[PDB]
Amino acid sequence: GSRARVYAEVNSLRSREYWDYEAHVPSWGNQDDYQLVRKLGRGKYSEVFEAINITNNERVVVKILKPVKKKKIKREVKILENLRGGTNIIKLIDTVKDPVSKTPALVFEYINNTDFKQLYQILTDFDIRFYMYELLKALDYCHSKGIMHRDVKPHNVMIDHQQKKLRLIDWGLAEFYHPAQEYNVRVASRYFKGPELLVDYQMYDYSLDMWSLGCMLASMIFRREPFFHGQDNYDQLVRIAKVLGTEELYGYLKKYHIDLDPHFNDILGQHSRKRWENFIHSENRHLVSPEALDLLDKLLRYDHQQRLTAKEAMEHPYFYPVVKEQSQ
């Protein structure tokens, strides 16, 4: 019976065409205008290349979509359309097809990013505040647009640390939020899955993304990446419970009438809730402050309803130094 505290009805207040992505008819341009220069990587249903638009010499990336996944292609395309111009959202430049095979591809702006494993060990206190604030702008925007990203993780938060640019990428798992809708829990990377996913609670909302963001914040301020390093989905919840506590987990389950898979009985143990200060030591103390811990404590909560919204997080004192610099 759970619903989002913010933007709950926003899709129902829009035209059906906004959210009815199965009815969306993309305009497919011609991929022949793009020259592929380098393969960047591959996902389950996609492959990304650096490319040049031969008509204007612009560097872009091209994400070729395994064509069988028709509904999921329309979903990602419609979501990106709806997010057009959103702050710190990766810009979709065009939707194209190989004109012979008809295989579809998405063309995005190119971001010259610093890979996160290297970047996160050199961030300053101000840097973390700045980049988290910029990521929150993207999440507040997509949530306000009725969309849950559902795959927030370091790889999907591209950061150009020279130009101070951030983009939230890979909307392939994103979905429209509708009150009382039950969603597939097989979303997000293991380390970024909220407890709701790990306990099979399907009536989740935008607040899933705020758990994932909290995991990223913890990894940055404490220099433990990923912060909750489970070996599988069961162990992931155990790792969370060793920090947030087991009695606190059971109170969450009871509130939402959540059934707990009995395999957990043999592995959860009994764990006190830990103080966040327990994670401080000489290597991270310059990144941790009372305001960072207060914010983190309000994000990494079992109860998805009680987590801060992206807006509430942006309003937190931890970001005041960023707001002050962005106005002065």
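Between two forms, the rigid core is defined as the largest C-alpha subset superposing within 1.5 Å. Just count from 1 along the sequence shown to find any residue number.
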Stretch with greater C-alpha deviation in 9 other deposited structures of this protein, 198-206 versus 100-108 (rigid core superposition): 100-108
Which of 142-150 and 68-76 strays further in 9 other deposited structures of this protein - Cα RMS after rigid core alignment: 68-76
144-152 or 178-186, whichever carries the higher mean Cα B-factor: 178-186
Entry-level comparison of average CA B-factors, 92-100 and 134-142, reporting the higher stretch: 92-100
Top residue by Cα temperature factor, when 237, 119, 203, 208 are compared in the entry: 119
259, 50, 303, 294, ranked by C-alpha B-factor: the highest one: 259
Assigned third (lowest, middle, highest) for the C-alpha B factor of residue 123: highest
Ranked against its chain, the third holding the CA B-factor of residue 63: lowest
Record-listed C-alpha B factor of residue 87: chain third: middle
Ranked against its chain, the third holding the CA B-factor of residue 251: highest
B-factor third for the C-alpha atom of residue 285 within its chain: middle
